[PDB]
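Participant: Take this structure first; my questions come after.
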Amino acid sequence: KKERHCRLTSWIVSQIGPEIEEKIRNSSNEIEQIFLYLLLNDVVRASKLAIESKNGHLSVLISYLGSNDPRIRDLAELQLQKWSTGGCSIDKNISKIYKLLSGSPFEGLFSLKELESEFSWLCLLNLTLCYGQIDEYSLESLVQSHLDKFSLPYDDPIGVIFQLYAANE
Amino acid sequence: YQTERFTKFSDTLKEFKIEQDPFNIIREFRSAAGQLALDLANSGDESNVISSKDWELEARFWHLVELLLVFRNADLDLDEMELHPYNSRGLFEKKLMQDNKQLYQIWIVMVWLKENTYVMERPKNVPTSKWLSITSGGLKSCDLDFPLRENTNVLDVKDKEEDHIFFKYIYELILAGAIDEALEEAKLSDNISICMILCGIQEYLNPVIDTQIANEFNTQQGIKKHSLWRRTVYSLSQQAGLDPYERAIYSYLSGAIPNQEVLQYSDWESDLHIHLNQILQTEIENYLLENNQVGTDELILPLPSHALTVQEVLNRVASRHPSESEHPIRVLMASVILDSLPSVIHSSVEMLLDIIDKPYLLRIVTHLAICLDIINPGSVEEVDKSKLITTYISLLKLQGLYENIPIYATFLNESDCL
Amino acid sequence: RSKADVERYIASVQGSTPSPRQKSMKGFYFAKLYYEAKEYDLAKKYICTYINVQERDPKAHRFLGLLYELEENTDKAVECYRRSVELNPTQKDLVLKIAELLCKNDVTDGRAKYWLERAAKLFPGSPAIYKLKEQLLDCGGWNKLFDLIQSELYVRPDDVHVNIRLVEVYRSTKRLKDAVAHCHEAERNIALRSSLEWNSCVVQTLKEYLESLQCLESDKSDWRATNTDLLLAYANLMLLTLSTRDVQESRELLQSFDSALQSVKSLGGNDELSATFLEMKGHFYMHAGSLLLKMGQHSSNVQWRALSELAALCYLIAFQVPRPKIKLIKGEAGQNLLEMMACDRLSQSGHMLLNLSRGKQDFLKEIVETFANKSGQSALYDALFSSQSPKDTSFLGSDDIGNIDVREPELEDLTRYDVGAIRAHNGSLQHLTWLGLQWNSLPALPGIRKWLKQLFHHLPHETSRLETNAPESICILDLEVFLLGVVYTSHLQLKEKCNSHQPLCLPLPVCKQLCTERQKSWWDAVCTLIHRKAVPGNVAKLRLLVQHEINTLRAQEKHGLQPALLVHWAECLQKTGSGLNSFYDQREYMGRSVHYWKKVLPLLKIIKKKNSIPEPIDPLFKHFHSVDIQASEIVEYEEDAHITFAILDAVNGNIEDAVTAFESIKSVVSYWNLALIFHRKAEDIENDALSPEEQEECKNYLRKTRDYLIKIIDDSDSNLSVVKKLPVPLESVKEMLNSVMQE
């Protein structure tokens, strides 16, 4: 399961690669770049840029992405509720990153679903597959979880294959 | 009454020679000294606070002795661990600590060091929530890294003052081994992100893959890209505009040596602890590199690769704390740590031929020598036992406790002459 | 960014993906940055091209609709929202928007009506829904609008905005008598009385009627009646303005209040108006004192002490004012209201008087001896108002400050003031969390269980169906357990705040939210649910919102409870229950206490060996290392818990094991339990005809009772710390002993 997961996610990163690299080319904000590096499933360069842009704590936090530590998951979500109940202002991309640490980035109450309009469906699916709750789910039911949140274009065949894969039963 | 003391120690020896395992002797010696440490400490002349600390020290010595000799001597050799390359770093760390006794000893010693570390009382009136700067307006982001992204002028003074209280408390807890309490404090004091940082301490294990620990664990845990984590933390530790205790924490976690502002207040024990931690960290990461269980991507930054020897750490920490270093039971502490112990026995023996000036010493060395030859027959030279007991006995006489001299006699035919 | 940053990125992805389809699929992400660079004729064409290839994306379609909204092209913007809505039905907010825009542009078509119906069922009775209902009607007509409001008020009588509109419609037809009439009948509504904007409307519509030609012509009999409501409105409006509004606005409201008081005192008499003036007079000073303390908080230390000195006098004046003559009012509703406010005055001013007097020794005496002088009256008018205003018609300057009691309040009186004033501010968790904190510094504890009984009547102490967390099984225990955490949490949060920078000294209006919005949302939900003022549509949502937290109040799966808070719950319920008289209540509170204990001890054992507790995920009650349990206190809790176990064993019938446990620990509390249970075994068997040998054994128990009560009093009189450990009052222990020995 781990092997298969790693190959799938390396491949998705192969596909979304240029899209995101373009987006990083045009960003004017460092924390957003850090997020985009997480979009390429590159935890280390996110951590590094964080470090460099003087965002050190975040940097540490980032290092958890891809270990599925449920403690960190519920803590990140907690921080998010506390902000989303008062929290006079939190940077738009730090909240996104915390939402990634929450393990349920659309499935949620600070939801990245609106990124539906800014990214390839495959890009977001990468987010579910990499963070998302890897251990608790089978590859199939995980992918299915994601698909349940987003309609794919009828005509797109790589979409179709994911649907047939997730459809299992 | 307190001029009972010798009885207690003598008493323990009685019980041992009479139920005809010897590690209990020392355990009792420890408790005995500790009990006495309490007596002189409670209500006392301020001439007693000194000899009270010399008893607490006494006690710690017996403890250290127990721990190390138990591990070294109760060594009955178990089964070797057979890893594969597919195995997690967690297992390799474990293997390292199993196979390398020299290094596990360092662990034992650090454990002892932590055991005896002071921690402040839990801060009272802690606030409802973090950086509550928010109220002044001006936190555009509520994340720890915001005032790092742009001038620290963002954070209110009182907030910094509280962050100071927190990070200092967490630091003391970390040096004491209280990692669970540190995580509890982080959680409960609305420092979730710092908590999360403290979670990176564990190497990765997966009970499913790393079969040989499918007992201790039911769920994967720990973090796979640890060499990264470690550079990430260390770099964070070097970034200024953080509270000195926070930086201190990250230093300790990265296997590094905390900043001057914090380190200046560390004593022999604290400092020694810091540097053994460094030895240890470095040695593990090297063990992992020699087995290709580190991935090149993670070598973000240079950390030092050359581990000190316990010998050298001791020498340096010594020269950094000469007064403390030279204290006669702490010399024994080091002597035990390096195993050069009969070495020092025979030594302080020849110092009877400014050891007579301090009272605990002549006693301690004698009872230690006794314990040693009990646990390891042959340990201390026959002569040295003779000389030591001879002199201590003559003090049992000077104290007028002839009553309990036969017990000490049970180690020579020289006893004939009493 | 600039124009160059975004138009240079054109060549960035143009050189990475040059085919027309991928060039157009980047249009949305091209348009993403032109919306940020203030380019709307350009951003429009970028998104519109991505829509040419990705015609089924609800996000892109909405984004163009939101962009056509900035362009104010209603026909185009609406259509865009429609496409995003028909693609994805979960976009509720867009169904409102469509309905919102259709009614604003043109109502002639029924399509605007249809979309409004859907918007209503997606947001049951939201504030915007009525707004749209009025907009649609807008397109001589006066009667038509009135019927809408009335039909709307039938099912939504607690809506602030709608009731306001009714007064405005009355005022538009210049039938002000009806405006005040409804205004008066509505001042009985407990919700509206708490609405800042409503009370503001109440103040105006009344004044307008006083000056109105209709007020004089009609009669001078009911003139007094309406005049009373103005003062009441002023009091409520003052309470609210002080909390939300800024320093300037609050002070300004005081002048209108003082003008009204001066204009009213001249009439006097012995009727509702006179009684109202009495109670409102007290409120004035109390709020004025609260107002004073607000200014000083921000100000320097010298002004603080002088202002707090001044405020202390104000609160004192208020507290002194006697309980208003309740019998003297026409109706049951009116008189109960007036008394409710009286309790509120004494309670709020009371705690303030104390918290200010705890600063120094008999600090209160000095305040009166120095500022009770008429010189203080001018120093009060000075600090509060600008001296330019005429000091003759200002009530503050003309009041006869005679014989200030200068007697600190008694706790027992304070408790009954609080309990009677729980319904003062509609039981807002703000109100209770404040009181709970004010009692956090006192040696006597508040009757929380009595507060909740005053709020949710006939809500069982413990629900039979404890197995599930369905919120039909909510119990006064759950609430009692809840408020305890809310206050235990609140105190720690404020403690942390001031540490970075007294917390007790803040008055109720001045301080901000003391609980987390999560906690407040729960209390407001369970309150609306219980009192039956929920919404058929929102019933299921409210119900689930409550359900979410139940499992934590009962320490079930994934409870966000720090061990210290659980222990606090356990002991706080034991001692709460151990002092109760009835068995039903004793059993329940002791049961829950044992329950929470049984959940902590596993944690304490791990903590006993200096390990780490697994920290929570988004806990309901914030964790704190300030109160993290230490090994120094573990053995005590294990002991204190074992008592709680024994107590429940005794109440259930396992006397043998209870005594065996009680006797094991020589604690003052174990005596009162040992004594109380030895006395019962004696009293029942003491006088019936029965074996003489048994009678001697029966007397023997009564002899043990006497001894244990004497051990309590002997150890009690000697040491004060033991007096506080008594599970019941000392005088109660002595009371039993008198009867025990006369037996």
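Computed from the coordinates by the stated procedures, all read-outs in this text should not be read as laboratory data. Quick reminder, even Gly has a Cβ in these numbers, built from the backbone with ideal geometry, and neighbours come from all protein chains shown.
Participant: Enumerate the calculated ³J(HN,Hα) couplings along the stretch C:609-622 in order (Karplus 6.51 cos²θ - 1.76 cosθ + 1.60, θ = phi - 60°), each rounded to whole Hz, writing x wherever the residue is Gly or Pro.
Facilitator: With the stated coefficients, the stretch C:609-622 comes to 8, 6, 10, 9, 8, x, 5, x, 10, 6, x, 6, 10, 3 Hz.
Participant: Mind putting a number on the dipole of the stretch C:95-182 about its Cα centre? Charges go on the C-beta only, +1 for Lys and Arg and -1 for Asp and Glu, and I need it in Debye to the nearest 20. Intermediate values should be presented prior to the final figure.
Facilitator: On the way: 15 positive and 12 negative charges, 12 e Å.
Magnitude of the dipole: close to 60 debye.
Participant: Per residue of A:20-27, how many C-beta atoms from partner chains lie within 10 Å of its own C-beta, taken as a mean?
Facilitator: Details: counts 0, 3, 9, 7, 1, 5, 12, 4.
Taking the mean over all residues of the peptide, I get 5.
Participant: Moving on. Please report, largest first and rounded to whole Å, the three semi-axes of the ellipsoid equivalent to the stretch C:300-354, where each semi-axis is the square root of five times an eigenvalue of the C-alpha gyration tensor.
Facilitator: Rounded to whole Å, the semi-axes are 31, 9, 8.
Participant: Ranked highest first by average number of other Cβ atoms within 10 Å, how do C:568-577, B:262-271 line up?
Facilitator: Order by mean packing, descending: C:568-577, B:262-271.
Participant: Translational diffusion coefficient, Stokes-Einstein: compute it for chain A using the Kirkwood radius over C-alpha pairs as Rh, at 37 °C and 0.692 mPa s, and state it as an integer in µm² s⁻¹. Numbers along the way, then the final one.
Facilitator: Details: Rh = 16.4 Å.
Diffusion coefficient, whole number: 200 µm²/s.
Participant: Moving on to the next point. For the protein assembly as shown, what is the charge dipole size about the Cα centre, in debye to the nearest 20, if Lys and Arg each add +1 at the Cβ and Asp and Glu each add -1 at the Cβ? Write out the running numbers ahead of the final one.
Facilitator: On the way: 145 positive and 186 negative charges, 933 e Å.
Computed about the Cα centre, the dipole is about 4480 debye.
Participant: Given the pairs C:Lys92/C:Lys520; C:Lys92/C:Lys512; C:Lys121/C:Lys533, which span a C-alpha to C-alpha distance of over 28 angstrom in this model? List each step's numbers first, then the result.
Facilitator: Values: C:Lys92/C:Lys520 25 Å; C:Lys92/C:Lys512 32 Å; C:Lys121/C:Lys533 18 Å.
As for pairs spanning more than 28 Å Cα to Cα, those are C:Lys92/C:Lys512.
Participant: Listed here are the pairs A:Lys96/C:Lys3; C:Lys45/C:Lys76; C:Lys32/C:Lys131; which of them are more than 21 Å apart at the Cα?
Facilitator: A:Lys96/C:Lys3; C:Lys32/C:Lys131
Participant: May I pose another question? Quick check on the exposure proxy: order C:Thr705, C:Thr415 from fewest to most C-beta atoms within 10 angstrom. Display every interim value, and only then the final one.
Facilitator: Values: C:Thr705 24, C:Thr415 18.
Ascending number of Cβ neighbours within 10 Å: C:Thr415, C:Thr705.
Participant: Sort C:514-523, B:376-385 by the packing proxy (mean of other Cβ within 10 Å over each peptide's residues), most packed first. If you can, show how the numbers build up before the last one.
Facilitator: Working: C:514-523: 21.1, B:376-385: 14.8.
Ranked by mean Cβ neighbours within 10 Å, highest first: C:514-523, B:376-385.
Participant: Given C-alpha coordinates of the stretch B:1-64, what is the ratio Rg to Rh with the Kirkwood estimate of Rh? Display every interim value, and only then the final one.
Facilitator: Details: Rg = 12.7 Å, Rh = 12.3 Å.
Result for the stretch B:1-64 is an Rg/Rh of 1.04.
Participant: By a straight-distance test (C-alpha under 22 Å), which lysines pair with C:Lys681 as possible cross-link partners, with residues fewer than eight away in the same chain excluded?
Facilitator: Filter leaves C:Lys666, C:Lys699, C:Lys704, C:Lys711, C:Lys734.
Participant: How much FRET efficiency would the formula 1/(1 + (r/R0)^6) give for C:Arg305 and C:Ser441, where r is the Cβ-Cβ distance and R0 is 22 Å, rounded to 0.05?
Facilitator: Working: r = 20 Å, r/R0 = 0.91.
Taking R0 as 22 Å, the efficiency between C:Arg305 and C:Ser441 is 0.65.
Participant: Determine the sum of side-chain charges near B:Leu173: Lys and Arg each +1, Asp and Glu each -1, restricted to other residues whose C-beta is under 12 angstrom from that of B:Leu173.
Facilitator: -3
Participant: According to the square roots a ≥ b ≥ c of the eigenvalues of the Cα gyration tensor, what is the shape class of the stretch C:501-620, taking rounded for a/c under 1.5, prolate for a/b larger than b/c otherwise, and oblate for the remainder?
Facilitator: Verdict is rounded for the stretch C:501-620.
Participant: Identify, among C:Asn227, B:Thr296, C:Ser739, the residue whose Cα sits farthest towards the positive end of the charge dipole of the protein assembly as shown, taking +1 on the Cβ of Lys and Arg and -1 on the Cβ of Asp and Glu, with the dipole about the Cα centre.
Facilitator: Sorting the options by dipole projection puts first C:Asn227.
Participant: Now, a different point. What average count of beta carbons from other chains do you get within 10 Å of the Cβ of residues in C:21-31?
Facilitator: 2
Participant: On to the next question. Sum -39500 (n - 2.57) across every DSSP H segment of at least 4 residues in the protein assembly as shown, then divide by the residue count to get the 222 nm mean residue ellipticity, nearest 500. Kindly include the intermediate steps, with their values, before the conclusion.
Facilitator: Details: 66 runs with 886 residues, N = 1330.
Computed mean residue ellipticity for the protein assembly as shown: -21500 deg cm²/dmol.
Participant: When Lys and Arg each count +1 and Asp and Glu each count -1, what net charge do the other residues less than 13 Å away from C:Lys533, Cβ to Cβ, add up to?
Facilitator: On the way: positive: C:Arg156, C:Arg532; negative: C:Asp158, C:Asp159, C:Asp524.
Value of the local net charge: -1.
Participant: Still on this structure, please answer the following. Once you wrap a convex hull around the alpha carbon atoms of the stretch B:67-172, what is its projected area averaged over all directions, in nm²?
Facilitator: Averaged projected area of the stretch B:67-172's Cα convex hull equals 11.9 nm².
Participant: Out of every Cα-Cα pair in chain C, what percent are more than 46 Å apart?
Facilitator: 41
Participant: If one computes the Cα centroid of the stretch B:278-310 and of the stretch B:198-255, what distance in Å separates the two points?
Facilitator: If we compute the Cα centre of each part, the gap is 14 Å.
Participant: Grab the eigenvalues of the alpha-carbon gyration tensor for chain B, scale each by 5, take roots, and send me the semi-axes largest first in whole angstrom. Walk me through the numbers on the way to the answer.
Facilitator: On the way: eigenvalues 433, 151, 67 Å².
Here the semi-axes work out to 47, 27, 18 Å.
Participant: Rank B:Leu280, B:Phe167, B:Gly44 by how far each Cα sits towards the positive end of the charge dipole of the protein assembly as shown (+1 on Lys, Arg Cβ; -1 on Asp, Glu Cβ) and give me just the farthest.
Facilitator: Looking along the dipole axis, the top candidate is B:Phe167.
Participant: Which one of C:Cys698, B:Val383, B:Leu352 is farthest out on the positive end of the charge dipole of the protein assembly as shown, using unit charges on Cβ (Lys, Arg +1; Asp, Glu -1) and the Cα centre as origin?
Facilitator: Going by the Cα projections, it comes out as C:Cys698.
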